[PDB]
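In: as a preliminary step, the opening chains of the complex are given here in situ:
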Amino acid sequence: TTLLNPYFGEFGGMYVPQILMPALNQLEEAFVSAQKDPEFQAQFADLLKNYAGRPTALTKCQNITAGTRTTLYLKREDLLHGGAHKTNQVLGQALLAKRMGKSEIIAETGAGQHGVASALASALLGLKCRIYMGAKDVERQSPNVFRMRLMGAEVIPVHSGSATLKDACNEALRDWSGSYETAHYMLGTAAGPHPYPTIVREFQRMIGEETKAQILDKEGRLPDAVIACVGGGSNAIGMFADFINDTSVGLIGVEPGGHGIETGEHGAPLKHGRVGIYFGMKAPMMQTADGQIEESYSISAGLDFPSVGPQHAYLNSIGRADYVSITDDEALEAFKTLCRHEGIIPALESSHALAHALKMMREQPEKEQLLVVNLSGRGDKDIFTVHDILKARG
């Protein structure tokens, strides 16, 4: 048995080889203990505040909403150390690893963002970090690869399968299934086998907690809706968590629509995929009619996770949260708009969330609404991508 429920409705679970169950049980126990430990909370808060730069700002964007009845705020996770929200939870997981007496870290990464976050946290906390990355991503993300090595992390290319994220996810497990005694597997999103979905949410929930306090201070009321992009589900659940019990607050998750849902080239398994069992969990995923796991496409590499966190699939099933999709072009337009109107370059991942907020505003300009978009990261890394496109289009 377990200390906490491994399921969110029908979604979730612990679908890993028997050999890895002790590692999951140990982790769950350490997490539960840590959550009730004032000393752990104090250390985590110290790192978040004095190292990562929390709390992050909640920026009111008056320019982009001119002429409408929409009031838009952006939770600035782009200002967090590392440039993305990932830093929050990797710091927490690194501390859990040390609590369990482990000095080694294992991580997987596609776009390389989680790899960089794992590397920085490991360097700061004196942990030996080894990262698995698909060969296709290694040659396509040279910058992030160099950042990882600069911070002392060992990067290991994965050529198996499609040589992408999912392929790296498997190789990481294989390694951990034979070294969990001294190494902790730092999963990069709110998915995978229990207790990861729960741990990642809890180590990202300060996003929503801060947002609530900030919006109450600035507007004297809660948002009509909070909007976040969904690749694996961590930044979204981090923003959503503290608002779940506030029934009046809408929760909107945005999956990547790629070239368009009807084209089949997208990354929206929650609303257009099919429930399956992979990566240690039961959840909606991109898969063939036969049950073979597929890849998710999006102009933004960060939203390439072929599945989605189980709590999101659950929140959707009960109608507490609504999920939609935004195409490559809609995200690109949002990216350009924020740059020119607010002087903020958003990550293409985050641009999907902003794009949906812009649609909510533009489709009903006279609708009075207070919206918060989780700006999960900065987009300096997406400059070339956006450039090549605008160029290839004249």
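Out: In hand now; what should we look at? Residues are numbered from 1 along each chain as shown, chains lettered A, B, ... in the order given.
In: list the contacts of stretch A:52-65.
Out: Stretch A:52-65 has contacts (C-beta atoms under 8 Å, 6 or more residues apart in numbering) with A:48-49, A:71-77, A:79-82, A:87-88, A:91, A:206-207, A:210-211, A:214-215, A:218, A:337-338, A:341-342, A:344, A:358, A:361, A:372, A:375. Bear in mind the C-beta positions are built from the backbone N, C-alpha and C, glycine included.
In: change it to 6 Å
Out: A:48, A:72-77, A:79-81, A:87, A:210, A:214, A:341-342 (C-beta atoms under 6 Å, 6 or more residues apart in numbering).
In: looking at those residues, spot the one nearest residue A:389.
Out: Among these, residue A:341 lies closest to residue A:389 (C-beta to C-beta), at 19.8 Å.
In: shouldn't the closest one be within a strand?
Out: No - under the criterion used here (DSSP: H, G, I helix; E, B strand; the rest coil), residue A:341 is helix, not part of a strand.
In: picking that back up, so which of the contacts of stretch A:52-65 sit within strands?
Out: Counted as lying in strands by DSSP state E, out of those, are A:72, A:73, A:74, A:75, A:76.
In: phi and psi next, for residue A:325.
Out: Note on residue A:325: backbone dihedrals following degrees, to the nearest 10 are phi -130, psi 160.
In: distance to residue A:279 added to the ones in strands among the contacts of stretch A:52-65, as CSV?
Out: Shown next, in CSV, are those (distance: C-beta to C-beta, whole Å):
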residue, distance to residue A:279
A:72, 34
A:73, 34
A:74, 31
A:75, 28
A:76, 30
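In: need these in CSV (columns: neighbour count).
Out: Below are these laid out as CSV (neighbours: other C-beta atoms under 10 Å):
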residue, neighbour count
A:72, 25
A:73, 23
A:74, 27
A:75, 31
A:76, 21
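In: next up, chain B:
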Amino acid sequence: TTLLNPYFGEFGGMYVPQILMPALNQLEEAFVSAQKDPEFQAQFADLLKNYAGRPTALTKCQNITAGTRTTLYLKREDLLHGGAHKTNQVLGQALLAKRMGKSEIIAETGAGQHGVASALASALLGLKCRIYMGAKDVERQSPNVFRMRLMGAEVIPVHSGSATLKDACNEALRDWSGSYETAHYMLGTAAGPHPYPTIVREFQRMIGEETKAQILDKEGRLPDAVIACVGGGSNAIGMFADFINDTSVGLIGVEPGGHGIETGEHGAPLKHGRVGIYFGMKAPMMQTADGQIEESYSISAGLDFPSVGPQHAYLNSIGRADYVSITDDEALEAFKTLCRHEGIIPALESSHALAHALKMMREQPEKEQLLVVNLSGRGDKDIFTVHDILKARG
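Out: Let me put chain B in with the others:
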């Protein structure tokens, strides 16, 4: 006459064509008025806090000082919106421009950092921004050029002279000397003709003010010394300002030594240059025996300003502040060290400051000292530069 002293000892002044004096007088008057205006201070504080992300963290680096009696803190301007301290003062100057009823901004930039900062501030505050940049820097800083245009700024290449920063500085003045009625010249450092050295210091002094409050809270006392790199002098004077009257606090400015002072290829005019009159001020500068202005060399493009702020030359003359130099290799070593030991990628500019702190620690490891290094910016932008070098060296 003027409202404030245009000189810091023998350094400073207003050496511009007669036609530009009214523009300088107007600016000085607007600045003086703004400084006594609670509404202006409130607006500036609002932007700094909710848009830029102030206050920035003061990070204690325990790993890099292991085995020594040095306690090192890093003022995290790398966590500021934009990734560098420049954002602070461009926001203030943008507000001054609006206070004077101007809707256009003129700026100059070499590495492109100031250009990006000017562009973001202008986009946020609804100002038409036009930026001058040396052609040699335009083709060498494609990324920053695209960022500027993404934010709606107009970038204008300068092929005159050596086609670098100094050349851009002149072209900007020529433009302003015929449009100051509706446009404000947003100078990028604590140099140039009065009142710029004073205005930039005052719009950057929150760095030192925050550092003082933070260090007193964390250590219960003032630092033995605060260390900052010096290109033009803005981040340094921003850190120094609030500590000037605290006689026990050492102020150390670090100029780029390039390939070595004796090689002549460096950027250390304050300690190795010669006093001259250029860019509207009397200050130490890189110049030939005949008085022709030269360029400053450094692995870090951001420390390429051929001169230095007049207040620094003054603080040096009276012995209140000490200035030193750090070579390309010392800065590179510091860059690599922070990445691996603290999980922070520092700007190569800032790495010069860190390098000197590391020298202070390493040369006298048993000396008890509390040091603060101003981490003026993040180094994600320097990844390729550092890479190509490590590669070209095997």
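In: please reconsider the contacts of stretch A:52-65 now that chain B is part of the model.
Out: By C-beta atoms under 6 Å, 6 or more residues apart in numbering or on different chains, the list of residues contacting stretch A:52-65 from outside reads A:48, A:72-77, A:79-81, A:87, A:210, A:214, A:341-342, B:50-51, B:53, B:57, B:79.
In: buried sites along it?
Out: A:52-61, A:63-65 (16 or more other C-beta atoms under 10 Å in any protein chain shown).
In: confirm residue A:283 sits in a helix?
Out: No - counting by three-state DSSP, one finds residue A:283 to be strand, located in no helix.
In: any idea how many residues pack against residue A:278?
Out: Residues within reach of residue A:278, counting by other C-beta atoms under 10 Å in any protein chain shown, total 19.
In: quick check: bridge partners of the nearest residue to it once chain neighbours are set aside?
Out: Distances taken as C-beta to C-beta, 6 or more residues apart in numbering or on different chains place residue A:293 nearest to residue A:278, at 5.5 Å, with adjacent residues excluded. The bridge-partner assignment for residue A:293, based on DSSP bridges, gives residue A:287.
In: so how far is residue A:175 from residue A:293?
Out: Separation of residue A:293 from residue A:175 (C-beta to C-beta, to the nearest Å) stands at 20 Å.
In: can you check residue A:29 too?
Out: Per C-beta to C-beta, residue A:29 is found 22 Å from residue A:175.
In: looking at these two, which has the bigger crowd around it?
Out: The residue with more neighbours, out of residue A:29 and residue A:175 and counting by other C-beta under 10 Å, is residue A:175; that gives 17 against 14.
In: that one: what's it in contact with?
Out: Contacts for residue A:175 (C-beta under 6 Å, 6+ apart) come out as residue A:106.
In: helix, strand, or coil at it?
Out: What three-state DSSP gives for residue A:175 is helix.
In: gap between the residue of the stretch 151-300 of chain A found nearest chain B and residue B:51?
Out: Proximity of the stretch 151-300 of chain A to chain B (C-beta to the nearest C-beta) peaks at residue A:152, 4.4 Å away. For residue A:152, the distance to residue B:51 (C-beta to C-beta) stands at 34 Å.
In: also put chain C in, sequence below:
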Amino acid sequence: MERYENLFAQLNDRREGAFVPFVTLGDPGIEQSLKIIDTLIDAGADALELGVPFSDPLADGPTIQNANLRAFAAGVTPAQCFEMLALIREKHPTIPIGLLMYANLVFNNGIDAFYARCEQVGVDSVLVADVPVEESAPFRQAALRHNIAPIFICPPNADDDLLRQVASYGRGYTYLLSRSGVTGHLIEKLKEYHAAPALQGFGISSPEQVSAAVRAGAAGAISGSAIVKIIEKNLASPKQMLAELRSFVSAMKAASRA
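Out: Take a look at chain C, now in place beside the chains above:
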């Protein structure tokens, strides 16, 4: 289940252990795979462990990883695997056939439908690699409803609680892991709890290992990578591949005899 019971009963009467080789269905091709399997049986295989090509075998090492890759390169699908299974059973009526599956391929078109298909083609057991005892309920229940033996893995660090669960829930045979990681005392406890006969797997690649397993009290041994390695080493020589497989299997099986 019945086939395993009969097999172990017959082997026990001869005081010998079972040698069970593993191969990926369709590797390197449908036709060659069928020939490989017939060779393994003619060589002395007491039972078979057969994998269905899956896109992400996170429990397998490089050797098996490439086996699935070659199978996919041949366009092998789960549907084609079941056609192969039907034929294999039609040719060999008594040899126990166990499948090595990954959860998604079982859950895909319905867990019950999957086990019903296994029974229809003559499969005897199913081991779902990424389904621990903690999540096994729906799988073991569906298996039992279709007379399929649900195979459980007994790790080397398994505690009393796990041993008791594996003993009560498993059927056909108990998979005894020789180590942690991926492909490439406990025995006494299992017998005490009347667990299905134990077959040691993982790392078994030599005759002496088979003898040791039997001597330790195990009912037999499973070998996969050692078998698959012979396939990828002789891809350019189909005839030589079979010859070498026959030699390896006959040597491994001989080591299990009394």
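In: go back to the contacts of stretch A:52-65, now with chain C?
Out: If you take C-beta under 6 Å, 6+ apart as the criterion, stretch A:52-65 is touched by A:48, A:72-77, A:79-81, A:87, A:210, A:214, A:341-342, B:50-51, B:53, B:57, B:79.
In: which parts of the chain are strands?
Out: Picked chain A for this. For chain A, the strands defined by DSSP E cover A:7-8, A:11-15, A:58-60, A:70-76, A:104-109, A:128-134, A:154-158, A:183-185, A:225-229, A:250-258, A:274-278, A:280-285, A:322-327, A:369-375.
In: should've been chain C
Out: Here chain C has its strands, by DSSP E, at C:18-24, C:48-51, C:97-101, C:125-128, C:149-150, C:153-154, C:174-177, C:198-201, C:220-223.
In: redo those strands as a markdown table? Include mean neighbour count.
Out: Below are the strands of chain C laid out as a markdown table (neighbours: other C-beta atoms under 10 Å in any protein chain shown):
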| stretch | mean neighbour count |
| --- | --- |
| strand C:18-24 | 28 |
| strand C:48-51 | 24 |
| strand C:97-101 | 25 |
| strand C:125-128 | 26 |
| strand C:149-150 | 24 |
| strand C:153-154 | 24 |
| strand C:174-177 | 25 |
| strand C:198-201 | 26 |
| strand C:220-223 | 26 |
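In: how about those strands in JSON lines, adding distance to residue B:193?
Out: As requested, these are exported to JSON lines (distance: least, C-beta to C-beta, whole Å):
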{"stretch": "strand C:18-24", "distance to residue B:193": "78"}
{"stretch": "strand C:48-51", "distance to residue B:193": "78"}
{"stretch": "strand C:97-101", "distance to residue B:193": "78"}
{"stretch": "strand C:125-128", "distance to residue B:193": "77"}
{"stretch": "strand C:149-150", "distance to residue B:193": "85"}
{"stretch": "strand C:153-154", "distance to residue B:193": "79"}
{"stretch": "strand C:174-177", "distance to residue B:193": "78"}
{"stretch": "strand C:198-201", "distance to residue B:193": "82"}
{"stretch": "strand C:220-223", "distance to residue B:193": "84"}
